[PDB]
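**Student:** can you look at this? It's an experimental structure, sequence on top.
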Amino acid sequence: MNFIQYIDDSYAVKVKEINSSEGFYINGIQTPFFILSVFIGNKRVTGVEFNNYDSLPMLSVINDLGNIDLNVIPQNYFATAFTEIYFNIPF
Amino acid sequence: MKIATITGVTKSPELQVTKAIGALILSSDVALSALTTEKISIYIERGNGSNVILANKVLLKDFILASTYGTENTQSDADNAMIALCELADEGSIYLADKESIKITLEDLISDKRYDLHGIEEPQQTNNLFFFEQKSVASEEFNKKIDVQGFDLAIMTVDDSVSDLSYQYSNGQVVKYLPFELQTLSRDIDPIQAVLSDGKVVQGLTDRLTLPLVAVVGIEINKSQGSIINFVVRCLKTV
Amino acid sequence: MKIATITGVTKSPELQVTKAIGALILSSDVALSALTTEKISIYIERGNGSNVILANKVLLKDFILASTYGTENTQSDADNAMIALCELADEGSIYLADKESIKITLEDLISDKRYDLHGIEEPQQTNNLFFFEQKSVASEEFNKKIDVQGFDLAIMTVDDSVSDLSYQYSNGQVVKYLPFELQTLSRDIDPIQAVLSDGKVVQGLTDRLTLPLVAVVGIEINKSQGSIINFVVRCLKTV
Amino acid sequence: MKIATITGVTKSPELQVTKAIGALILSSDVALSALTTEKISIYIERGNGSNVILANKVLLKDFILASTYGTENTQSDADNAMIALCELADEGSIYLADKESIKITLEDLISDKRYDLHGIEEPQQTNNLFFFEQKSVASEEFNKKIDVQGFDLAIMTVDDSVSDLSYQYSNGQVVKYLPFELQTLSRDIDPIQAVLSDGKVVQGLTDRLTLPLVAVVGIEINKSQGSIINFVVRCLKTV
C-alpha cells in the first residue's frame, strides 16, 4: 500500500493512494495542496524526488523524518490544483 | 524601472522589488497567440510568514487577458512582438511599510525566447489590490456549478465539448447561453483584443473567452467528458 | 437560443418567438458590404390592444448599421463572414404577458447563401422599444425638409446628386454641411465600422452614411433632379 | 464650408474667414507619417485692438497629433490619403464680437502636393480657445527642466539619445520614466493613432510621442549630446 499524506487548501491533513502503474504518479487533487509525506510498503521513505516538478520546499519537508509544524509553510509553496506529480523513489 | 530580462534559461530567479510600484509591463518577442505554458507568480512578503498572494502560478495568457479588458489592448513594436501593461492596484500603488517586498517569479519559460519585466511607479498609495484565483472541473462529470459573487471578470478556456453556460443573477433569474452567443456578447464591449506589428488586428483568441460578470452570482457549466475547463477570476479587495 | 437557419430558399418562413428575448444576432457568410436586397420584418402580436410594428421590411444593411453605432461593431469569425448584434429593447427585454408573441421574417434572400438567427434574453423586462422608420425624397424634388424631432440616428445612401444637407437645431440655428464634412463629422464618433476576417478594419461603407442626430429638430436636403434618396431613422419610445 | 485648396505653390496666401467656425478639417494626399516640414499659423485679427495668437508656425504634424488625441483619430479615403479634424474652441465656435476675423496661413509646403482646408461651425458660441506653445531643449546641453503647469497635452520629438524623463507632480513627488515605459503608458489611453486606406492601422509615430499631463508641474529631460528635443504643448483658456 503506497500512499501520501498531504494538506489541502484549508490546512487539513488527508491521505491519498498512489497508482503504481507505469511508475509512481499522483493527480486529481482538485484543490491546492502541499505534499507532506510518502509511504511505500506501509513504511516511510526518504530521498525521493520529482523528475518533472521542481519544488525544493516539498522535498525538504518530505525528506525530514521528525515532526513538523504547519505554521511555518506559507500559501506560496502550495502547488496548483489538478497537478500531475511523478515520484522517483530509490531502491 | 527595468525590473529584469530573461533569456536562455527556462525559469526566472526570484525577482525582488523594494520600491513601491503599481503596474507591470511584460514584453516579449513571442506573439500573444503563441503563449503556451509560461506562468507567473507574484506575492508580497510581509515578514515572518503571513505573506499576501496576488497570483500563484497563473498562466501568462490568462494574466494578460484578464488585465487588458476594455479600451486598452496589448501592443506591438518593431523590436518587441508583444507588450502588455497589467495593473496591480486600483488607483495608486502598493504600499510597503518597513521590510515588505514584492517577489515575482516566472516558470515554464521557453529556452530560445526573450522576456522583459518593467515596473511602473505611482505618486499615490492605496490598499486596494487585485487578486487572481483559479477554478477547474474534474473532467469526468457532465455539469458543475461555481459561485462567482464578488468577481468582476473571468477568463474561461474554450473547447468544443462545452454545451451550455447558465448564468444566475442576483435577482434569481437564470439565463442559458451557447458558446457562440457568449462570444458575440463578449466582443460587444471590447471589439479589439490585440494589434499586430504589421498592422492587422486580432479581435479574439481562438481558445480563450473573456466574460464580464455584473450582478452575477452563479455560473453552471454543462459539458462532455474528455477535457478540463479552467476559469481564472479577478477580484479587487482591500488588504 | 437559436431561432432559425435559412439556406436555399429565397424567402424565410414566418418565425414565432414566445420567450422574452432582448436582442437578435444576425450571422451570415455574406460580407456586410455585399448585402444587396435582404430585408427583415419584425412585429409583436398582442392579445390586448393593437399589434406593435417595429420593423416593416427594413433593408438588412440599414438595420445592421443602425444598431452597431458607437463602441460596438460588426465582427467576423472563421465560419461566419458577418456577425451583428442588434438590440430591440433599451436595457431589458420585450415584455410578453400571456400569449403575445414576436414574429420575425426575412425577405429577398439569395439561394446559394446562408443566414442564421439567434435570440438573446435578459434578466429584466422593459416597455421601452426601438422603432425603425423610412423616409423618402423623390427624384424630381430639388429640396425637401423633414422633421427628425424625437429621432436619434439616421442612415442615408451616399449619392453624387446630393449637394447640401442642413441641420436645424432646437435653439433655431441652421447649419449647412457638405457630404465630405458630414462624413468627416460622422467618423469622429465611431472611427471603426467593422472588422474583417483577415484583420483589416473598414471604417465605413462606400454607399451608406450614418448621421447621429443630437438636439436636431429638422433636416433639409438640397440636391439635383435624377435620383431618389432613402433615410432609415431609429427612435426609442415607451409602449 | 470649403476654405481653400492649395497645389503647385509652396506657400498658401493669408486666408481670411469671417464666418464663425468651430473647427478645421485638414485633408491631403500625403500620409500623416509623410509630413516633413509643413507649418500652419492661425490667429484672430481685430480691426481695432490687439491680435489673438493661437498657433504661430506650428508644425502640421504636431498640430494634428495634438488635436486628434483620444477616441477619434485621423482617417483616410480613396481621394484623400489623410483627413483630420482639429478643434479650435471647447464646445462651440469662436465668437466674433465687432470686427473679428480668422486668419489662417500654410507655409513650407511641397510643390507637387495638394492641401485642402474646410471649416466647421456650431450652433453655439463660446469664449474658450485652445493655445499652442513650443519649447526646446538644445543639443549641446545634457539635461533640462521645463515648467508645464497649466497644460494638459504635450508632443515630444523622439530620438535615440533621450535617457530619462522625470515628472514632478502637484504634491511634490518625483517619478522617473524610461522612453519605452512612457510610450507604453501613452498608448494605454489611445491604442490607435491612424487608419490607413488599405485597412491597416498605425498605433503611433516613430519620431513623435504624445504625453497626456494630469496634475504635473514639472518635466525634466535627461539625454546626451547630438540632437534638439522639441515639445509642443496645448492649453485651454478664455480670451
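**Tutor:** It's in. Residues are numbered from 1 along each chain as shown, chains lettered A, B, ... in the order given.

**Student:** can we go C-alpha only for contacts and neighbour counts from here?
**Tutor:** Noted.

**Student:** buried residues in stretch B:185-204?
**Tutor:** B:185-188, B:190-197, B:199-204 (16 or more other C-alpha atoms under 10 Å in any protein chain shown).

**Student:** and the end-to-end length of that stretch?
**Tutor:** 12 Å (C-alpha to C-alpha, to the nearest Å).

**Student:** again with stretch B:145-157
**Tutor:** Taking C-alpha to C-alpha, stretch B:145-157 runs 16 Å from one end to the other.

**Student:** what's that stretch in contact with?
**Tutor:** For stretch B:145-157, contacts defined as C-alpha atoms under 8 Å, 6 or more residues apart in numbering or on different chains pick out B:62, B:65-66, B:207-214, B:216-221, B:229-236.

**Student:** with stretch A:9-17 instead?
**Tutor:** By C-alpha under 8 Å, 6+ apart, stretch A:9-17 touches A:1-8, A:31-33, A:70.

**Student:** so which of the contacts of stretch B:145-157 are in helices?
**Tutor:** Per DSSP state H, helices hold the following members of the contacts of stretch B:145-157: B:62, B:65-66.

**Student:** need the residues you listed in TSV with distance to residue B:83 and neighbour count, can you?
**Tutor:** Output for those, formatted as TSV (distance: C-alpha to C-alpha, whole Å; neighbours: other C-alpha atoms under 10 Å in any protein chain shown):
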residue	distance to residue B:83	neighbour count
B:62	14	22
B:65	12	23
B:66	14	21
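
**Student:** ok, so of the residues you listed, who is nearest residue B:114?
**Tutor:** residue B:62 (19.2 Å; C-alpha to C-alpha).

**Student:** now do the contacts for the closest one.
**Tutor:** B:155, B:232.

**Student:** quick check: it vs residue C:234, distance?
**Tutor:** 40 Å.

**Student:** type out the PyMOL command that picks the buried ones from the contacts of stretch B:145-157.
**Tutor:** Here is the PyMOL command that selects only those of the contacts of stretch B:145-157 that count as buried (16+ other C-alpha under 10 Å):
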select buried, chain B and resi 62+65+66+208+209+210+211+212+213+216+217+218+219+220+221+229+231+232+233+234+235+236
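
**Student:** narrow the contacts of stretch B:145-157 to those in strands?
**Tutor:** Counting by DSSP state E, the contacts of stretch B:145-157 place B:208-212, B:216-221, B:230-236 in strands.

**Student:** count of neighbours near whichever residue of chain A sits closest to chain B?
**Tutor:** Nearest residue of chain A to chain B: residue A:74, at 6.2 Å (C-alpha to the nearest C-alpha). Here the number of neighbours of residue A:74 (other C-alpha atoms under 10 Å in any protein chain shown) works out to 14.

**Student:** how about the residues of chain A by chain B?
**Tutor:** Contact residues, chain A versus chain B (C-alpha under 8 Å from any C-alpha of the partner chain): A:28, A:30, A:72-76, A:80.

**Student:** and if we set it to 7 Å?
**Tutor:** Where chain A comes near chain B, counting by C-alpha under 7 Å from any C-alpha of the partner chain, the residues are A:72, A:74, A:76.

**Student:** quick check, central residue of the chain?
**Tutor:** This is for chain A. A centroid search over chain A (C-alpha atoms, centre = their mean) returns residue A:35, at 2.8 Å, as the residue closest to the centre.

**Student:** sorry, I should have been clearer: chain B.
**Tutor:** Chain B, centroid-nearest residue using C-alpha atoms, centre = their mean: residue B:63 at 2.1 Å.

**Student:** so it versus residue B:96, what's the distance?
**Tutor:** Relative to residue B:96, residue B:63 is positioned 23 Å away (criterion: C-alpha to C-alpha).

**Student:** quick one, helices of chain B?
**Tutor:** With DSSP H as the criterion, chain B has helices spanning B:60-67, B:179-186.

**Student:** so stretch B:188-199, near chain D or not?
**Tutor:** Yes. Contact of stretch B:188-199 with chain D (C-alpha under 7 Å from any C-alpha) involves residue B:199.

**Student:** if we can go back for a sec, so the residue lying closest to the residue nearest to the centre of chain A once chain neighbours are set aside versus residue C:159, what's the distance?
**Tutor:** Excluding the flanking residues, the one nearest residue A:35 by C-alpha to C-alpha, 6 or more residues apart in numbering or on different chains is residue A:6, at 4.3 Å. According to C-alpha to C-alpha, residue A:6 stands 75 Å off from residue C:159.

**Student:** the more surrounded of those two?
**Tutor:** residue A:6 (18 against 15).

**Student:** could you count how many residues lie near the nearest residue to residue B:56 once chain neighbours are set aside?
**Tutor:** Computed as C-alpha to C-alpha, 6+ apart, the closest residue to residue B:56 that is not its neighbour in sequence is residue B:41, at 4.8 Å. Close neighbours of residue B:41, defined as other C-alpha under 10 Å, add up to 19.

**Student:** residue B:41 contacts residue B:107, doesn't it?
**Tutor:** No. Contact between residue B:41 and residue B:107 fails when scored by C-alpha atoms under 7 Å: they sit 8.2 Å apart.
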